[PDB]
Amino acid sequence: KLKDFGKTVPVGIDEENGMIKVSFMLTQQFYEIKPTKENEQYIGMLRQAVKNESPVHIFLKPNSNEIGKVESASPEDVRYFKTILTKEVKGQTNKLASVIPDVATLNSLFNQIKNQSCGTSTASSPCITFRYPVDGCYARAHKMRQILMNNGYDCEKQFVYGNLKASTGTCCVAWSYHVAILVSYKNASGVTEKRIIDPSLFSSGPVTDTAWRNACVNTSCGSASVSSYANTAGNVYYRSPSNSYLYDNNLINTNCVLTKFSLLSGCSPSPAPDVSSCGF
């Protein structure tokens with residue numbers, strides 16, 4: 001009767017209103033488990049796995065974000081997850097420009113990125129699923145970076161973590177983390193500044209990282225707060241709270257996730273459809 005969610009690494013466990021909120025690598029979604037006697041071992045398994053950044057096998061109650069069962073990972077699972085969620089740091093091959101020359105160019109890049117939004121006639125496949133903020137921030141950010149790279153630039157990622165909530169203006173989503181591209185550019189006087197580009201939250205243009213993180217703690221949606229943020233090299237697809245990195249060097253996962261979410265919009269479905277079939 002339970003839905004097989006597959007293997008994953010839990011990265012956070014946080015008590016709220018008599019329920020345990022669990023976060024997992026890569027996905028922005030929170031899962032929940034009730035602190036009942038019958039769940040006490042599943043909860044311990046999750047706590048230890050969070051502590052040690054180790055994988056578990058998750059089963060969900062159907063049509064929900066509620067965990068119904070947790071099973072241990074095999075030695076093979078442990079070995080595999082160590083290979084993909086890694087402390088090994090690998091940089092880009094070619095040397096693109098890390099600093100955009102002026103605001104006009106920054107703005108051009110913004111427009112190119114927004115022109116790739118799903119739901120706009122200018123976009124090519126796979127389009128960037130900005131209109132679907134439920135999940136997939138990681139894929140949207142990696143695709144934004146690819147656009148910069150197509151123009152000869154690289155950038156950073158900024159990952160923000162916490163009890164996050166954001167509004168589209170019509171509905172709210174809850175996230176354990178969010179990511180967008182953090183672009184360096186020279187201002188009018190030649191001094192380097194940084195801005196976030198994230199059309200899923202700011203449709204008008206680049207914004208400060210302070211403003212961007214503030215949009216991730218929108219208290220009109222409910223309780224919200226930031227616990228941490230970290231800037232990384234652009235090539236990092238996902239960064240865990242333990243500072244491990246996951247990569248998607250050829251955008252195999254990115255394009256697969258964007259394709260899966262292409263027709264989705266708004267704050268539903270939630271949780272998002274399964275993207276486990278997407279590999280690297």
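Just so you know, these numbers use all the heavy atoms, side chains as well, and skip hydrogens, waters and symmetry mates. When a residue number appears, it is its place in the shown sequence, counting from 1.
Proximity of a side-chain donor or acceptor of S23 to a complementary backbone N or O of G12 within less than 3.5 Å is detected. In this structure, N65 contributes its side chain and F30 its backbone to a donor-acceptor pair below 3.5 Å. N151 places no side-chain N or O within 3.5 Å of a backbone atom of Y153 that could act as its donor or acceptor partner. At least one donor-acceptor pair closer than 3.5 Å links the side chain of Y177 to the backbone N or O of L26. Remark: side-chain polar atoms of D248 are paired, donor with acceptor, to backbone N or O of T254 under 3.5 angstrom. A donor-acceptor pair is defined here as one N or O able to donate and one able to accept, closer than 3.5 Å; such a pair exists between the side chain of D77 and the backbone of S74. Put simply, the side chain of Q28 gets close to the backbone of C137: a donor and an acceptor are under 3.5 Å apart. Looking at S189, its side chain never comes within 3.5 Å of a backbone N or O of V191 through a donor-acceptor pair.
For residues 249-280, the ring-ring contact (aromatic ring centres under 6.0 Å, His included) pairs, not counting sequence neighbours, are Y132-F261. A side-chain hydrogen bond (donor to acceptor under 3.5 Å, both in side chains) check over residues 78-88, counting only residues at least two apart or in different chains, returns the pairs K87-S244. Pairs of residues two or more places apart, or lying in two chains, never qualify as side-chain hydrogen bond (donor to acceptor under 3.5 Å, both in side chains) while including a residue from residues 256-269.
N218 and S167 are not linked by any side-chain donor-acceptor pair at a separation below 3.5 angstrom, with hydrogens and angles left out of the test. Defined by atom type and a distance below 3.5 Å, a donor-acceptor pair is missing between the side-chain atoms of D154 and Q92. Checked by atom type, the side-chain pair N235/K157 shows no donor-acceptor distance below 3.5 Å. In summary, the side chains of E16 and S223 do present a donor paired with an acceptor at a separation below 3.5 Å, with no hydrogens or angles considered. There is a side-chain donor-acceptor pair under 3.5 Å between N163 and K21. Side-chain contact, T120 with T122: a donor N or O sits under 3.5 Å from an acceptor N or O. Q158 and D209 are linked by a side-chain donor-acceptor pair at a separation below 3.5 angstrom, with hydrogens and angles left out of the test.
Applying the side-chain contact (heavy atoms from CB on, under 4.5 Å) rule to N111 yields no partners; only residues at least two apart in sequence or on another chain are considered.
By the 6.0 Å contact criterion, CG on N243 is enclosed, its count of non-hydrogen atoms from other residues, nucleotides or ligands being greater than 12. No more than 12 heavy-atom neighbours from other residues, nucleotides or ligands sit within 6.0 angstrom of CG on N63. Within 6.0 Å of the CG atom in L263, the count of heavy atoms belonging to other residues, nucleotides or ligands does not exceed 12. Residue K186 qualifies as open at atom NZ: its count of foreign heavy atoms under 6.0 Å is 12 or below.
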- Message: The test is side chain to side chain contact (heavy atoms under 4.5 Å, CB included); show your working for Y185 and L109 and say whether it passes.
- Response: CA-CA 11 Å; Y185 73 100; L109 292 165; over 6 Å; no

- Item | Worked verdict on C278 versus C256 for disulfide (SG to SG under 2.5 Å) | CA-CA 6 Å; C278 296; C256 181; 2.0 Å; yes

- Task: Tell me, with the steps shown, if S54 and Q48 meet side chain to side chain contact (heavy atoms under 4.5 Å, CB included).
- Result: CA-CA 8 Å; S54 55; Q48 295 300 122; over 6 Å; no

- Message: For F110 and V183: C-alpha separation, side-chain torsions, deciding distance, then whether side chain to side chain contact (heavy atoms under 4.5 Å, CB included) applies.
- Response: CA-CA 10 Å; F110 177 87; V183 185; over 6 Å; no

- Decide yes or no on side chain to side chain contact (heavy atoms under 4.5 Å, CB included) for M19 and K34, but give the supporting numbers first. CA-CA 5 Å; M19 214 79 152; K34 312 183 168 186; 3.2 Å; yes

- Task: Check the pair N231, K194 against side-chain hydrogen bond (donor to acceptor under 3.5 Å, both in side chains), reporting the backbone distance first and the verdict last.
- Result: CA-CA 11 Å; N231 297 334; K194 303 188 184 185; over 6 Å; no

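When side chains are defined from C-beta on, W212 counts as touching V160, because their heavy atoms get closer than 4.5 Å. Counting heavy atoms from C-beta outward, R140 and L258 have side chains that approach closer than 4.5 Å. The closest side-chain heavy-atom distance from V134 to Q29 is below 4.5 Å.
The structure places CD1 of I113 at 6.0 Å from CE of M144, a figure rounded to the nearest 0.5 Å.
Relative ring orientation between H178 and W175 is described as parallel, the plane-to-plane angle staying below 30° on a 0-90° scale split at 30° and 60°.
Other members of the hydrophobic cluster containing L2, listed by chain and number, are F59; membership follows side-chain contacts under 4.5 Å among ILVMFWY residues, whether direct or relayed. Hydrophobic side-chain contacts under 4.5 Å tie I67 into a cluster, directly or through other members, with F5, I13, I20, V22, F24, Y31, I33, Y42, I43, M45, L46, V50, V56, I58, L60, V70.
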